[PDB]
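J.: Take this structure first; my questions come after.
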Amino acid sequence: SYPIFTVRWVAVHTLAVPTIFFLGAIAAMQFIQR
Amino acid sequence: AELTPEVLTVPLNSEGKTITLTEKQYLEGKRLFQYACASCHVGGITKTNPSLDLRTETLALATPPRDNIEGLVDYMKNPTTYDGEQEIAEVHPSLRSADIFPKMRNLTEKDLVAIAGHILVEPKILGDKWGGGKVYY
Amino acid sequence: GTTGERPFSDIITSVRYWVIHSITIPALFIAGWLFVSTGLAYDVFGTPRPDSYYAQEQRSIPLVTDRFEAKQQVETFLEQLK
Amino acid sequence: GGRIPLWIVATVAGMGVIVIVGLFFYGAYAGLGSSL
Amino acid sequence: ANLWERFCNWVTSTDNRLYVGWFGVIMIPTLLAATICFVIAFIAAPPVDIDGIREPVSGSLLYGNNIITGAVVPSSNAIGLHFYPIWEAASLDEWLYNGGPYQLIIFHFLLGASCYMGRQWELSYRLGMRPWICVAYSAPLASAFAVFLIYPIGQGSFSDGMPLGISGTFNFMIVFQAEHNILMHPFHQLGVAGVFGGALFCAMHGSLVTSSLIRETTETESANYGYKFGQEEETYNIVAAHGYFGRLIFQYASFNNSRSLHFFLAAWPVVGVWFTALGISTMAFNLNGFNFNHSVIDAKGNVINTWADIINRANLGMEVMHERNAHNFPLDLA
Amino acid sequence: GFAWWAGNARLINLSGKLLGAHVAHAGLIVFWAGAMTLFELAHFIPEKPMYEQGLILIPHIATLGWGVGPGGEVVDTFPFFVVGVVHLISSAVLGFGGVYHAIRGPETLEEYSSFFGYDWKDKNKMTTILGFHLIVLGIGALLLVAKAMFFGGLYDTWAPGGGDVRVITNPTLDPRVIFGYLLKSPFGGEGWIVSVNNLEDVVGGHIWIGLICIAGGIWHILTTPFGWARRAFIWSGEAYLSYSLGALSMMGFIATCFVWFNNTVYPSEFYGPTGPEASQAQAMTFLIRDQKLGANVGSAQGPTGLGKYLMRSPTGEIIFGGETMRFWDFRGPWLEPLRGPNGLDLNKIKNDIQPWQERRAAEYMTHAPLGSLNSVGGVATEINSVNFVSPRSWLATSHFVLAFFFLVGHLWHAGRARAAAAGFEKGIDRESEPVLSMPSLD
Amino acid sequence: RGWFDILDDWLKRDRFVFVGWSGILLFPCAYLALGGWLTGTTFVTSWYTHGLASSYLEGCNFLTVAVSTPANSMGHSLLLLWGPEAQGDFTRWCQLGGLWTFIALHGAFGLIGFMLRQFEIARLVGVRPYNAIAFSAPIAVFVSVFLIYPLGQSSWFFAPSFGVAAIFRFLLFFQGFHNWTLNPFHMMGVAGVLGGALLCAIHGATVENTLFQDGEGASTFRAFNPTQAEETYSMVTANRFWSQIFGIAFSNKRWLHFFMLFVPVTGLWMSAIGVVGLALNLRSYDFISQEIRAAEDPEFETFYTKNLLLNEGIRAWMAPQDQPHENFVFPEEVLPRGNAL
Ligand code: CLA
Ligand code: CLA
Ligand code: CLA
Ligand code: CLA
Ligand code: HEC
Ligand SMILES: CC1=C(/C=C/C(C)=C/C=C/C(C)=C/C=C/C=C(C)/C=C/C=C(C)/C=C/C2=C(C)CCCC2(C)C)C(C)(C)CCC1
Ligand SMILES: CC1=C(/C=C/C(C)=C/C=C/C(C)=C/C=C/C=C(C)/C=C/C=C(C)/C=C/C2=C(C)CCCC2(C)C)C(C)(C)CCC1
Ligand SMILES: CC1=C(/C=C/C(C)=C/C=C/C(C)=C/C=C/C=C(C)/C=C/C=C(C)/C=C/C2=C(C)CCCC2(C)C)C(C)(C)CCC1
Ligand code: OEY
Ligand SMILES: [Cl-]
Ligand SMILES: [Cl-]
Ligand SMILES: [Fe+2]
């Protein structure tokens, strides 16, 4: 008796999903050479 | 832009022969310049005598001309004043004075070519900044 | 003290939670990485690669100087690299 | 709904942040923006 | 009934309109000496040769200053960190030319302010309070120590202490930025966070309590008269306030323990100012803000400027211009 | 009834577990001393000055005379290895005793043995433990003397001929010198104890301090506090903690100024030049340069009217000009050969400056203790290139921060100890509020 | 009981994150202002608008990344994605500074959204709306600095760029060009911000050291019940303490908490006004009496004259690289420099 998808659920993944994606992109950047 | 071979091509002697360094040598020269020389010669100036810089045009007018690999390699062994009149190994790091300047102790002949090459290449990349001082920072 | 959503502590200590997110979290991390390692991020956003700030014998900033020609001006600069 | 102990999740996620932050700090000394 | 015990009883009396106390026995005279010297010097002191170059700077009103430009000027660079009481000068004229008043004031004040902090402990003990208000006050006191004593110690001269004036204060900040890039130093960044955040939370706590005042007055009267000094029940509704702020953000991002809340209010700005005081004190030893000048270069090696390089251009213009007659050699090493 | 975040306060009346905490923590300190030296040694390169390499423990060992010869050149790195290994090994022994007493060993000691058990309010037992540690401390200062006089000596930056290790045969015993230092003002040109400038005074003061500490140990073992001492202090664990916090703070500020100004027990060969030193060396550098060109540096008037290279201090001494006028109290081995009775001798400057002095000045000028948090050397407007922050900046700033916070800890714990002892550290008794029983101020 | 009231029902449901009518405005704009800033600082250059690298992708760190202002040549263009400058090209839009207006404008409407939220929640919970009113101070600061200031100048270019070091550069620009520290409206703001921080610390300190003993633990936090009617610390003892330490003290709890609202809010409003003047170059740059004297009397020197020399240094050394569209070329000989340096 707990809904899974809620307004809360949307708020959270709206921030979490791009944050990890960005974190991966910023991680890759550390290995770029000039 | 990039570190093309034209950029990496510097004079070897007064006679006019040239030499093309590798990117490996250039980076080696920059690393050694920082280890042995930057504390006084950061950016191509001279903190302890600002009247003398490492601009290629300044080196060219030195006696022994120093705008070439040989001139620089010789200077790092037996440095002289700008006019060539007196040897200054006792107050300037060199292989001849590596007893008093202990950082010159472990520099090989190829290290000197790299250090020299970095000094000749860098004004080609940075222009006025090399030896210009804070005005161009 | 509660409005009905499942408690956070109850969720992230659950096994179903970590069965899904052990996949989604690294997959997102990998997707972001690839956006950079493929060079896609450069092309999407128009960010200069380390070799495309100046042309070889150039030390002038390619500065936009016109409001309505601004688009064509940047493309002019870009072709002066190609 | 409580299987994985919370402190386990806290420790592991904690070391996950430390890893990524230290990668970013390593990167200040290597590659782009390293002055070299 | 012994003369010394009666004196002790008066010094520590909780019935004095202003508490004296043993720390007060040192604070009252040192603060009066500092205050009196400051007023007179601000009004009538002659021009002081702060930088030791026989270039006297006019600080006082009667010598052509207004409230904004006036200052008691730091003592001469020729003196450095040497003690310069009055009785070490050949004359008051000499003492005035060399900036003697600045030393008299800052030493008496630092002492008196130090005893001010101890006096706060002392009365808290006589009144049966908890003792830690003086710990809050140690953040401004540490900050005053940094700009008047610590930074002078590290650089070797009171001539680089912060002037006792408004324009002098700005002179101090600009030069500190040219010489230490304080803006790029994390302890100043924490200090801004302590001081912005303290202003934020001051405003928040003020509007939340004011928002949940319990109706006790009519609209013709100030709502303030709904509180009587010493009443036992709270004058506002902390659950209504918590119910508003927990919804403005979300529930667990809001306090409903008043003791945690007010401790947070004390802790945030006190700690941020500790750091900013520590920033000044460690830049006194020239451990400077982050240097990112020329950190980004391209595949050839062209410098690719960032905002930090622009900052550096600004810093350079302050550098090459400060104390324009005072430097004979290329490096400004202190 | 303490919260987890004040959880070490649960150890206050558990003399057994509190012993484990102290001994285990002692293990951490010894461990860091061990690990750090080895880390420094593994990174050491002898052809570079120590201060170009972020070293703070190898210089402390070099100063004691180990590993170095004339001029501070490192001749043997084995003494460095030994100090780190033995420290490292010893930390396991302390670690062992520490986690034993904190987990397995008796929770409280006084039931087990009346010698090791203690009550904080036992003024006699407390002064006996103080006395034991005083004696240990006094022995500690005599080890420095022993090394100095019977085990190779110490590094002497002022030794003739560039500095050298030197056995100390005549430590200063004259109390007019030793305690004279305690009575110099801390202001410019005096510098209180920070001004100590020779190893004879350094060794001699430790004879004194060693004897005085041994004298005080037995004193506090044989006595109990007099009633004036009894009526003046709070007698509690937290109070004693607060007293030491004040002392550690005070000591931290002194260490700060020591490493910043003193070039004797912090030789500049190892630590780099001081701020005053480096600034003096710049003026020297351009004096040498300009006079080689023909400039008559004694008669050169600078823009302000003051001499460009040379001026007088306010008491008349010939000193370097420019902003370094503030630093004329600096004294260094590379500089003093130039000083005559009136300060810098113009005939020595014209005639007797040696290449080694030129070298030294150029070196110290370019290693001034200025640098960025990310270790970019030089003024804040300098470009990246030189990876350098002086050990003196590192050592001065760290210990100022620690000294400040321990002063805050002193205030915190001193006031709480007073409040607790009086019985209101937990708040005001509603039924018995002092102010409510006081007459109003007006 | 039609569609409007059914929506009203849903927007105002007690959920973990309250939505409300104001949410429709707030959440899209707040999320996209935030998203724009993280996007631009991760991936977008300032090469074509400024000649600066400004992203993690380019080698920058958290302190130097920025979403930079558009080129001076855009004037005050809205720089809409579909507008005449970028013409629907997202890549070109990024390179021309389109993310700056995107963030500034979506941020403006988010701040409206947020302040409407404070009104909305306050109305439903039944409290007075003073937290909303206090938020007027952040909004006045934002609009005067980010919008009104550049609109008075030649372009958005001279607004602050959204980044840590870029804001630092903004501070120093205002010192060298506007002599902003000399502005009495800034000084009032300083007094309000530092007065707020002081009030924040002194009030929290006082409450924590005038607590009533309401439990037995050495942790005094446990001994408070959010529903207790009684004050948790003594106002009478606190009034005595401060009267005797400082001379005066608060006696009215309501006044004291209003003052904490008043002080920092007023300060910010005052600083917003001076920035409006600086929009017009209406500076408090000089004191005319000082300059007349100084021009005639070369021995007259104050900290006022010393600071202007600094300002002149700042302007000459930073202008060429900070205003690149102006093609300032200052030969070495024209740069103002003191001796040796
Ligand atoms: C010899 C030193 C010493 C000793 C023995 C004590 C001992 C004690 N203190 Mg005091 N204290 C000290 C110094 C000391 N303190 C200093 C210098 C300060 C000022 C900063 C304080 C401020 C202080 C306060 C404010 C309080 C105490 C309290 C206490 C008691 C409980 C402490 C506890 O459980 O901590 C538990 C430990 C922690 C909560 C961890 C703290 C984490 C620190 C702050 C962060 C450090 C991180 C570091 C800077 C860098 C990290 C890098 C990263 C990679 C992690 C205990 C009796 C409490 C008390 O009064 O009890 C009676 C209390 O409320 N202390
Ligand atoms: C130098 C740091 C230090 C030290 C030595 C101690 C020591 C101690 N603490 Mg304190 N504490 C500290 C920091 C420290 N604390 C900090 C930072 C905090 C805040 C997070 C606390 C919070 C805290 C609380 C809340 C309490 C203590 C308590 C205790 C005591 C009993 C702990 C116990 O039974 O745990 C048992 C834990 C274990 C058995 C887990 C394993 C722990 C072992 C020792 C790890 C050792 C690792 C090491 C590599 C082993 C090498 C062995 C080898 C040499 C042979 C003990 C004397 C308790 C106390 O006072 O008891 C009355 C207590 O209630 N502490
Ligand atoms: C100052 C620190 C300290 C203190 C006060 C105590 C006190 C105590 N311990 Mg602990 N202990 C310590 C350190 C300490 N210990 C360390 C470091 C270890 C690990 C080696 C232990 C391991 C330990 C165990 C395993 C046990 C105790 C026990 C005891 C109790 C009785 C011990 C006895 O009869 O003495 C016996 C005394 C001696 C044999 C004489 C030793 C003299 C030493 C070697 C000279 C001084 C060393 C010197 C400073 C450093 C060495 C030089 C080095 C620098 C190169 C007592 C409460 C016992 C207990 O309570 O159990 C119920 C117990 O079983 N302790
Ligand atoms: C860590 C070291 C230490 C500690 C904590 C103590 C602690 C104590 N001692 Mg002991 N003592 C020690 C070392 C120590 N002693 C040593 C080594 C000796 C040998 C000389 C003595 C000789 C000694 C005697 C002869 C007596 C004590 C007494 C006492 C008690 C009262 C102390 C007091 O009133 O101080 C408060 C201090 C004062 C009121 C006077 C302050 C004057 C100082 C010097 C002024 C300094 C000013 C300035 C800020 C500091 C800069 C340095 C300056 C000197 C230049 C107390 C338990 C007394 C007692 O009850 O004995 C049982 C006592 O009669 N001690
Ligand atoms: C300070 C201790 C220095 C270090 C380290 C290095 N150099 Fe140097 N350099 C220094 C001075 C004071 C001078 C001028 C000396 C004189 O009287 O002529 C120089 C000069 C040079 C030159 C000649 C420049 C010219 O315009 O002719 C060169 C080529 C040079 N120095 C190179 C150099 C190298 C390669 C270094 C690293 C091994 C190095 N210097 C270190 C001061 C100092
Ligand atoms: C109680 C407690 C605690 C604490 C703890 C501690 C603090 C501990 C200590 C401990 C310690 C302090 C430890 C130590 C250890 C050590 C060791 C273990 C050692 C070893 C060593 C080695 C083995 C070495 C080797 C070598 C050699 C010999 C040579 C060279 C190389 C090498 C290095 C390899 C805590 C808080 C956590 C928790 C609670 C409780
Ligand atoms: C080693 C050495 C040396 C020596 C030294 C010495 C000799 C020292 C001594 C020292 C000492 C000898 C010190 C002392 C100190 C003291 C103190 C620091 C004090 C304190 C006090 C207090 C703290 C008090 C308080 C109080 C009061 C006031 C009132 C009542 C209450 C009370 C008690 C609280 C020398 C330098 C030569 C050299 C180098 C080395
Ligand atoms: C612009 C645009 C847009 C949008 C976008 C967006 C919305 C985005 C978002 C994005 C995002 C959303 C992002 C994120 C990011 C994140 C990140 C990148 C993070 C990071 C962080 C970190 C690094 C942290 C860490 C830490 C520290 C440092 C300390 C403490 C702890 C922690 C862990 C916290 C659109 C489409 C509409 C279109 C138009 C354009
Ligand atoms: O910053 Mn620049 O640095 Ca410290 O001194 Mn050298 O010049 Mn002058 O006396 Mn005040 O100021
Ligand atoms: Cl100035
Ligand atoms: Cl100078
Ligand atoms: Fe309040």
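Here Swiss-Prot sets the residue numbers for chain G, with the shown residues being 12-352 in order.
The backbone N, Cα and C atoms fix where each Cβ goes, and this holds for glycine too.
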J.: What does Swiss-Prot say: are G:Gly137 and G:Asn322 on the same side of the membrane?
T.: no
J.: Per DSSP, how many helix, strand and coil residues does the topological domain 'Cytoplasmic' (G:132-140) have?
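T.: Computed counts for the topological domain 'Cytoplasmic' (G:132-140) are 5 helix, 0 strand, 4 coil.
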J.: Does the transmembrane segment (G:266-288) come close to the transmembrane segment (G:141-160), meaning at least 3 CB pairs under 8 Å for residues 6 or more apart?
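T.: Yes, the transmembrane segment (G:141-160) and the transmembrane segment (G:266-288) are in contact.
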J.: When DSSP is mapped onto helix/strand/coil, what comes out for G:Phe261 (plastoquinone binding site)?
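T.: In the DSSP reduction, G:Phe261 (plastoquinone binding site) maps to coil.
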J.: Among G:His214, G:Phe261, G:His268, these being the binding-site residues, pick the one whose CA is nearest to that of G:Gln129 (pheophytin a binding site).
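T.: Nearest by Cα distance to G:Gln129 (pheophytin a binding site): G:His268.
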J.: Quick one: among the binding-site residues G:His214, G:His268, which has the most Cβ atoms sitting within 10 Å of its own Cβ?
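T.: For the binding-site residues G:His214, G:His268, the Cβ with the most other Cβ atoms within 10 Å is G:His268.
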J.: For the transmembrane segment (G:109-131), which recorded stretch in the set G:32-53, G:194-217, G:266-288 gives the largest number of Cβ pairs separated by under 8 Å?
T.: G:32-53
J.: Comparing the binding-site residues G:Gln129, G:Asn142, which residue's C-beta has the most other C-beta atoms within 10 angstroms in this structure?
T.: G:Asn142
J.: At the level of the C-alpha atoms, what whole-angstrom distance separates G:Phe261 (plastoquinone binding site) and G:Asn142 (pheophytin a binding site)?
T.: 22
J.: Between the Cα atoms of G:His268 (Fe cation binding site) and G:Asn142 (pheophytin a binding site), find the distance and write it as a whole number of Å.
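T.: Their Cα atoms are separated by 12 Å.
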J.: Could you tell me what the rest of the chain brings near the topological domain 'Cytoplasmic' (G:132-140), counting residues at least six beyond its ends with Cβ under 8 Å?
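T.: Those are 23, 29, 31, in sequence order.
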J.: Could you tell me the C-alpha distance between G:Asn142 (pheophytin a binding site) and G:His214 (Fe cation binding site) in angstrom, no decimals?
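T.: So the Cα of G:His214 (Fe cation binding site) lies 19 Å away from that of G:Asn142 (pheophytin a binding site).
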J.: Including all protein chains displayed, how many Cβ atoms other than that of G:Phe261 (plastoquinone binding site) lie within 10 Å of its Cβ?
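T.: The answer is 18.
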